[PDB]
Amino acid sequence: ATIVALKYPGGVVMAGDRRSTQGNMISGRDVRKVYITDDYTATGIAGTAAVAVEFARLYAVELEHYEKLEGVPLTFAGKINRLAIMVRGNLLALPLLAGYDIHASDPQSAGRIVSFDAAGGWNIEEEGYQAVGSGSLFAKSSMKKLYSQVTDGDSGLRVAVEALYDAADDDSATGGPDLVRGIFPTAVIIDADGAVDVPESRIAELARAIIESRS
Amino acid sequence: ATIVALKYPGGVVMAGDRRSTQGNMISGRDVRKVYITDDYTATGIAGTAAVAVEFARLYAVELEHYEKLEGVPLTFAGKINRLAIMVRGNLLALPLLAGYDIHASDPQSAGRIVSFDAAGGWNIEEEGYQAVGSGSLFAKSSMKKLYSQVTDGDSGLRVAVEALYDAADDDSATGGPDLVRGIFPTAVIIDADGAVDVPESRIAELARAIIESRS
Amino acid sequence: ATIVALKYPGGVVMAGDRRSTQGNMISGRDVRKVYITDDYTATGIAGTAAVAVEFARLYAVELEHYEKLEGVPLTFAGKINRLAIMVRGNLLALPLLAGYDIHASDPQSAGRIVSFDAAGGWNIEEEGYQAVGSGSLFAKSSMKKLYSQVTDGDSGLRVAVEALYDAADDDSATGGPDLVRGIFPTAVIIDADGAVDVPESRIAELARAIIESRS
Amino acid sequence: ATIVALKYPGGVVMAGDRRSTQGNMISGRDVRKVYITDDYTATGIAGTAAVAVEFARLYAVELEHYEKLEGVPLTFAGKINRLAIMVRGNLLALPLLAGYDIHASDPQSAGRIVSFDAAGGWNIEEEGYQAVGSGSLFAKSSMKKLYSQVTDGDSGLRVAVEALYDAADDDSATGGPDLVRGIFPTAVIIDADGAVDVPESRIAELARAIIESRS
Amino acid sequence: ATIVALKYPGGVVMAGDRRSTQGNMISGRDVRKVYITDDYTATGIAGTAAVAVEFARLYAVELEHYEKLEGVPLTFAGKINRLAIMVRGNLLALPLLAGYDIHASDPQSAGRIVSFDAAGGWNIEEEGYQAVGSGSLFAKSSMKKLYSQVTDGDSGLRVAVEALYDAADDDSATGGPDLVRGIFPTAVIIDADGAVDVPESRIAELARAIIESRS
Amino acid sequence: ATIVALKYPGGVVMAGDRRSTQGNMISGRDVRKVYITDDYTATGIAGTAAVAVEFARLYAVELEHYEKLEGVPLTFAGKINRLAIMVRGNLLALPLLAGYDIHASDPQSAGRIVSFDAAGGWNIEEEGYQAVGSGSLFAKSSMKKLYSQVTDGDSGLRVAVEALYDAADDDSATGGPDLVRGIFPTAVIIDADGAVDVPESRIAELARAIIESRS
Amino acid sequence: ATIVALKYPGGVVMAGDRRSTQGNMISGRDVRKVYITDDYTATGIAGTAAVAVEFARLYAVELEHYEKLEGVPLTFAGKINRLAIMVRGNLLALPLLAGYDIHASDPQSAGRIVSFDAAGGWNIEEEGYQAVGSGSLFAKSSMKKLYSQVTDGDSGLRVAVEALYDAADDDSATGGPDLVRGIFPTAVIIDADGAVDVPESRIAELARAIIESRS
Amino acid sequence: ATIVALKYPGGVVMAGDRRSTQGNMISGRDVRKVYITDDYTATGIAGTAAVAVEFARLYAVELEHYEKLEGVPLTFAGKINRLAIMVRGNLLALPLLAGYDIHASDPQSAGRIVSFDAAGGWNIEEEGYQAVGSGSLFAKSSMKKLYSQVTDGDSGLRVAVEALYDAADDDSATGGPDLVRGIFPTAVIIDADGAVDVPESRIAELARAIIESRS
Amino acid sequence: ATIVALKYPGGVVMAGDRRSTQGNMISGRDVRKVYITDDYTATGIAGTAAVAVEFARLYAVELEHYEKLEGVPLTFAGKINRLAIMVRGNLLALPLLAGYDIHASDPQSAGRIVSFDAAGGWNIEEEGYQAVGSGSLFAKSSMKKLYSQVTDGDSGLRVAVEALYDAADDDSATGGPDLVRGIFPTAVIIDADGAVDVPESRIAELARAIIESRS
């Protein structure tokens, strides 16, 4: 499994693969690993569907509990602090966080990426892209060369899909586009208007274009 | 990796995949695992290309040494005896042997399949098909249902390619047809006229037909 | 032991074998491993009769306690949540859940199958069939080829019995139809009218027909 | 696997099952475990076909080497001595030996059964029957009650087949009569005229009669 | 030690041996291992006299406590549930339970046998006989052949004594009839009129008849 | 197993039991553990029949080789020296040696008993009796009280049989007189005229008399 | 150390040795190991004086506490139950209990002997004698032959002293009569009139007579 | 350390870094890891200078010994066979081989790359580029995107230097261009005219251009 | 076991006990542990009779071999050198050596005692007495007080017997005078006329006198 997040002017994009395996045997085919936990925040865990969905549900419940109790949503700094408490208490796969900062001075530079290390410490990415999972190295090396082509949301989505394809090309634990069954990776786009899921047809067309170009 | 061999009236077919990995990382893309070691005998080892090619070279050298020394090729019973000595001396992956018995009373029932267990003991298959490797179980379960359709060499080749596809569908260590790079599994057909390699275009067309049917 | 569940238009079917062993010695001959725990829900545990019956009794008591306390039966989403709490608390063999969703928009697509992994996480099957136990791989590989013939309840029952037969054919820990003692596998069918046990004579006739066809 | 040998007036009978497994998975279906190594001697090893056939071949070669060198066949006492040397050198499964003593004073009491323990020591049976393998206990307990019915070769063969059936009934590693595939146990009868293999039709009829009686 | 229980029309019988040893040395000669814990229920533990008598005393105290508190004896289903709680709490040798169901629809089919596995799970026997202990296998194999002769209480008692004799014949940890000291196995018969101990003279005569027949 | 040897005026007697077991299961019923290896010497090994018979054969071959080479039998001191070399080379059960010294000054005090310890050192008994095996302690304690009644060969034989009975009474690994099958212990008597085997009828009558007296 | 207790008509006797050692070095010379804990009950522990005296003191305090609280002495069945609770709580050497049952129907058969195994379970002796300690086997084997001579208290005392002498003769950890220092074993006799200590002169005379007879 | 080799039309290029470390401490600054061992063959070992230089010297001595003995240089197939013998004998770091095949039918497709796995098996690269060492993954991922720009020797050299820079950017064990000390990576170019070392000024200019472009 | 040697004017005396045990059980009663290996030399090993007698035989054979080869007996210095070679080669119990030096300048000071440590090094005693074995400490402490009374051979013998008695009084592994069986310790006296064994009656009288004095 591999989850990739990269920043573009005016927002941030997130995507993940759809494969879960027990060693050398394929366990699932349409595993969803990216979820929307808030109006301006999405999370992703590289692992089984159950762990990721439980983590997303717990984070959403915590955020909504604070929101209902105090009547105001938490600041982005406070959102990261609560997430790290949950990660430390659990310990395991580590989560990836991407969101939008609506209180930032510059709207064009408001997208954020947060990563947690093995020890549970959180770091804020400054290179504009981050990948986690087994194929994280290949995806990051691909984004290193492909990040110069990102200028808007569509370019960022294309680059993320290409990074996922490159990661799946070199890792057997990551699944590539399934053009026989029709199962493509899921993506989430967060901007000033909020976090929205990308429709499967645009994902499908981008994957088909990348596959045709690679031939 | 998975190597499948099945018997058809008047001969026998053998095929193998083209993937080698170090755990979760793909190492090779066009690995050849089936070789022709005699005029009426082919062998296959599920593993790296180097081990398989060295084993095939050693077996061919031994057979040719006996042939040149005594002026007559060994009997099929004597060929199996020498192979088991080589397997026992080495110990590891285990080989698969398929050949044609030209001294058999019935030419239509002359194809043979030989398998070696972990302890090194050899067994002669009587069910008409055999598969070895990590995806051997899935391939054998597929041939269990698909063996009723085998009536000639082409039907056997189609069934073998379908078995390889089914094995690759459930195992991440076995590679399926590569329709982007153009790398398809290798096959060997042995009949009364001798062992011959199958051209890559017929392999390609059968793989394409199977993929289209599966969609 | 092997428990197989597959979906058909308008419902879902579940079946299991009748063998329990201590290693290489047969312990029981008429072990029941599928139980009805609710009007629209059945469960199955691959193991001894005592563990399965205790699990079914506990689940039924929990469901009935909530039903009597709140006056309304739990939703299907809430039923899975309570079951996962019980599985996590115990840890062991893992359960298989099949039920009918009466609140679904499409009645023809209301059957559900739920599986729990080793870590205790629950997953909802989307491929239409699922098998658990020691012979799960063979049963799943058989259903992979036989699922195209399922169009109603009787077809699904035939396919499930054939899958159980194929699983018992390759595994020594799973028992096949006993035509001398008269012990055949047990099956449960859940539809819009509720969960009902299948009579032993229809099971017997289907097993006899399959055995005759295999000869 | 289980090999049973019992004495009848004027000879001795030997039989074995046709199942080989790797733990809980069935490996073979028509494994032969009883072989004729001399004109008045047969042997049987509970295990894989390769080990048993190699042991029989080695024993036959040794016996024939002595026979050709000295011009006279070895005495029965000398045959056991050479066999124990081979067993000790190897060490593992242990062999079972049955033969006819043509130099005995009483022709009716000439059948012999020899067993080797774990330490490699040989013992001559005096209770008239002996069983080795995983299901040896059940077979011996069955022969304990069924030995009173043995009065000739046919009665002994029936009792041996019934003992094999009883052993397979309680052990999952021993295979019973296959009335679908048509694979029945192999038997060898040794008398004053020499050791002969029993035809498969008489085996089949006895198995069918026993199965019908058990119903 | 070995405890055997078998069902006959209108009741059930239970018997056990009278030997306790510390490895290869005999410790006791007249150990009693079967006790009456209720008007329609008896239990037996294969082990030392102290453990069995303490278990029987505890079970009787629990049953009588419930009987005095609620004024009505427990149902047979409730009696098994309380016994399993005691077995689980202790963990060891495992108990054997035999009793009469006075609320059953058919009086002739009211005898019950309950067995507990190593994990502590309880199972209800359906084959009509059950044996526990070190010589359980031999006793069960003997009852397999001798169960066709059971038609009343006396026939069942004879078959149970013969099973105990056969178990003691092959196991050194089980004691046979002592015709020098005069110590014979103890038996308990439960019918519609209640559980009663069998007098030692009928046990003695049956043992003497069996010994004479075996000579 | 237990082997007992005691001295009487003018000779020495030796006897052993007829039981061999693998732990708690009886392996043999008529095991012979005492053999005659010379005209004035017998040996006995507590263990399986194969080890004892091989040891006796080797000792006899060594003695006969020296006798044929030098033309004169070895002295009793030289016989013990060669036996200790064989015991040390092997290392295991330890042997017991009893013989007659024809060169002794006093014919009435010529019987000898030799015992080997765990370290392999040999000792000459001076208390007049010695027992080896698992039940050696009970047999020796019985002979301690019963040695005052030995005045000739028949008295010594009776005392030896009684010692064997007492040893079997307290040890489960030693077999007592079998009055159903008719298997009684074997005995050897060595005097000035040589070593002779005792007929089974005198053994049988002495065992029957002892059993009757014990009742 | 060895403690021996045997029953005679109308009572019971108990005796023990006077040696305590730390391995191969003698620690004490006049250790007392038998104590009177009640009017009709005595106990003995094979070990150091401190442990035995503390155990006797605790048992006496418990018995007297119940006697003073309820005004009536405990029944013999209740006395054993309290003792087993003390033994189980401690866990070690195991105690030996001998007493008189004044409520028994037959006064001549009122003596009782109770033994505790390693697991802490109590057993009531029925063979009339029991010995515990390191030399228990020799003492029991001696009493086996010497029990036929017991007809009154004096005969039982003589037999007990002889058993102690025989146990000390074969065990280095048990001390025999000291005719230089004047230290002889201690004995306790319990009858209908109560438990009384035997004077040292009668012990001394019996030991001297036994020693003279043995010479 | 990282060694990269890639093929261009009419030849092949090889390059390596100049860093050797003991864990986290830098050991060397100008380590040479690529050597010319023949007129048409160069080798490279990722490790210390001593091991690489000894390996190159041994390979050159072996090749020259065969050349002088037989008067003709070895074929490319024979050169690989001798190298694998040396690798197997040593076992450790694994070598990388690049050379020119002058007997190939197509001069433009004559460059060869050979890699040895951990087990010592040799493989011939078909993807046109190969990298070994600690930073091999990053270098290979960089060449994956940069291989489309290779059309001649200079383009291949630029791509190799860029791959080395990318590998050093992500790995702390690989050294990048030293613009203060003046130490740049070493490169070897093999073509139809033979293997030649690249001058340090062209390496320096390419490194400077890449660094300027990256800024 | 304990062996004591002490010097008196004009010679030296040596004595040892007659007990051999396996832990807490007595093995022998008349074990001899002191032997005469030369005309002026005796040795003693604390252990089993077999080891001591074999050591004495080997030493005597070596001494006699040198004596016959060279025609002159070895010097006392050369005798110790050969003994140490034998001790070192064996490695275990350690020997004690006592002898007479006939070439000494002072005949009254010619007795010698040699001791070997655990490492095998030999030392010559200068305190006039030495004891080895388990009870060596007690014997040495007794001789420390009793050495002032030694003035001739008889006084030394009395002191040695008293030391043995004191050693046996405190150690359970050493046997004291047996006044019932008549087994007393063995002693050897070496003087100018040679080494001679002490008759058993003088040993007996000295032991009786010591025992009477101790009372």
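Residue numbers (the numbering used here), protein chains in the order written: chain A, 1 to 215; chain B, 216 to 430; chain C, 431 to 645; chain D, 646 to 860; chain E, 861 to 1075; chain F, 1076 to 1290; chain G, 1291 to 1505; chain H, 1506 to 1720; chain I, 1721 to 1935. Yeah, the Cβ is synthetic: ideal placement off N, Cα and C, and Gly gets one too.
Is it buried or exposed, residue 1249/G, if we count other Cβ atoms within 10 angstroms and call 16 or more buried?
The question about residue 1249/G has no answer, for chain G in this structure spans 1291 to 1505.
In chain E, what lies closer than 9 Å to residue 565/C by C-beta?
The CB of residue 565/C never comes closer than 9 Å to any CB in chain E; the least such distance is about 22 Å.
So, at 7 Å on beta carbons, what are the nonlocal neighbours of residue 961/E in its own chain, with the 5 sequence-adjacent residues on each side left out?
Taken in chain order, the residues that qualify are 936, 970, 972.
Cβ-based neighbour list, residue 967/E, same chain, cut-off 8 Å, excluding 5 preceding and 5 following
Result list for residue 967/E: 870, 1052, in chain order.
Does residue 1322/G come within less than 8 Å of chain I when only Cβ atoms are used?
no
Proximity test, Cβ basis, 8 Å: residue 1647/H and chain A
yes
Backbone CA spacing between residue 1430/G and residue 1243/F [nearest angstrom]
15 Å
Would residue 465/C and residue 473/C be called neighbours here (beta carbons separated by less than 8 Å)?
yes
C-alpha gap between residue 27/A and residue 1664/H, whole angstroms:
Pairing residue 27/A with residue 1664/H, the inter-Cα distance amounts to about 40 Å.
Is there contact between the stretch 1008-1024 of chain E and the stretch 1063-1070 of chain E, where contact requires at least three CB pairs shorter than 8 Å?
yes
First through last residue of the alpha helix (DSSP H) which encompasses residue 1928/I
Residue 1928/I: member of the alpha helix (DSSP H) spanning 1920-1934, first to last residue.
Rounded C-beta distance between residue 765/D and residue 729/D? I'm assuming under 8 Å.
7 Å
Given residue 695/D as reference, the closest of 708/D, 683/D, 675/D, 713/D once Cα atoms are compared
675/D
Under the three-state DSSP convention, the category residue 1272/F falls into:
strand
Looking at residue 1757/I: is its Cβ nearer than 8 Å to the Cβ of residue 1786/I?
no
Write down the C-beta distance between residue 1858/I and residue 1898/I rounded to the nearest angstrom, noting that I regard them as a contact closer than 8 Å.
Rounded, the Cβ-Cβ distance is 19 Å, inconsistent with contact.
Could you work out which residues of chain B lie near residue 1631/H, taking near to mean beta carbons separated by less than 7 Å?
245
Hey, how far is the Cα of residue 587/C from the Cα of residue 443/C?
7 Å
Just checking: is the beta-carbon of residue 1504/G within a distance shorter than 8 Å of some beta-carbon in chain I?
yes
In the DSSP output, what is residue 1082/F paired with across the bridge?
In DSSP, residue 1082/F forms a bridge with 1087/F.
Can you name the residues that DSSP bridges to residue 681/D?
687/D, per the DSSP bridge assignment.
Just confirm the distance between the C-beta atoms of residue 185/A and residue 15/A, as a whole number of angstroms; I'd bet it's less than 8 Å.
5 Å
Between residue 2/A and residue 133/A, is the Cβ-Cβ spacing less than 8 Å?
Result yes, Cβ atoms of residue 2/A and residue 133/A sit closer than 8 Å.
CA-to-CA distance, residue 668/D to residue 1655/H, given in whole angstroms:
56 Å
Chain-order list of residues whose beta-carbon lies under 6 Å from that of residue 520/C (same chain, five-residue window excluded):
none
For the stretch 45-56 of chain A, list every residue whose C-beta sits within 7 Å of some C-beta in chain C, in sequence order.
Of all residues in the stretch 45-56 of chain A, only 48, 49, 50, 51 come within less than 7 Å of chain C when Cβ atoms are compared, listed by chain position.
With burial defined as no fewer than 16 other Cβ atoms inside 10 Å of the residue's Cβ, what is the status of residue 529/C: buried or exposed?
Residue 529/C comes out buried.
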